[PDB]
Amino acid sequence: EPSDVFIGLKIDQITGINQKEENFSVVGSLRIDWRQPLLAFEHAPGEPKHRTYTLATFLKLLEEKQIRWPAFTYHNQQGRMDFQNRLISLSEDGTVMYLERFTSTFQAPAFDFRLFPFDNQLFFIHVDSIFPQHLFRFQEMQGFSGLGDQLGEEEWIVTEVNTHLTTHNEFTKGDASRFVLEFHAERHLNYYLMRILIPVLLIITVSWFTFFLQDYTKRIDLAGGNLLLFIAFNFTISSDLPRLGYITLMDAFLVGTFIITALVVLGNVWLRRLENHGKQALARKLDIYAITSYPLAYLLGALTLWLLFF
């Protein structure tokens, strides 16, 4: 018959979310409660009712007693898991109480950047039993699992936390137990507002002010340099994300600014060609369309993306 293994996972800290590598790092405590009647013991008066063991000697005790422990893996773990504590408390009954304090990076494969920077992401930790459900069954250790209240993350804000149990078939034919700690997080837009939206909007607004100088050459030089600035912002954005196979809301926003700036160069080349061919009066009359086109083009663009993505 199978023995119930009580799994509990609590994230104390978010040491960082690295969206370029699609992983996240936490400081966490894993807690297990497992009753093995074979490990039960008798004690003399004065002698303790609870035996405390370093994992090393407790595993060495299990091998001796020919007992199989609920060997588990953090399925989505990455690199080195640095351990703080690996302590066992064994009661007279045979109840094993295990605590595992660690720092570790975990794969974040649920990353969907299509709406970046207005995106919401799913982050999880998968705890799998190496042995199948006929031997060990994972149960939810109540009153422990979740996320702490001093996570240390400033950009991300955790919207909800969940725990559930499911099956996996990684090393076995038959179903094997899997404990899941899941959390959803959305982004604080302040960085994007201050470093990307406000600057891009300023460059566009103060560039439009110069249309009132009525110097077509000067607009051409301005739109040309503006195009270079947007290409530079395009590199600034791309450095935050992985080399995705798909278009971002931000990517569509930058391609939009490229198109409008390209047309600004084209139109003002045409108005200055009119001036060069002794048609200054005509270019000046058409200039009202060029001056009111600019704000309408960027405002039409903003409504196009907002529709295309929402």
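A residue's number is simply how far along the shown sequence it sits, counting from 1.
For the segment pair 55-63 and 272-280, the entry gives 55-63 the higher mean B-factor, averaged over Cα atoms.
Taking only CA atoms, the mean B-factor in the PDB entry is higher for 182-190 than for the other of 214-222 and 182-190.
You'll see in the entry that, of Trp156, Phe138, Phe235, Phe123, the Cα B factor peaks at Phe138.
When the Cα B-factors of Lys173, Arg195, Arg101, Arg80 are read from the PDB record, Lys173 comes out highest.
Sort the chain's modelled residues by C-alpha temperature factor and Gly267 lands in the lowest third, per the entry.
Among the modelled residues of the chain, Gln107 sits in the lowest third by CA temperature factor in this PDB entry. Among all modelled residues in this chain, the alpha-carbon of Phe131 has a temperature factor (C-alpha) in the highest third. In this PDB entry, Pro199 carries a Cα temperature factor that places it within the lowest third of its chain's modelled residues. For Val206, the recorded CA temperature factor ranks within the lowest third of the chain's modelled residues.
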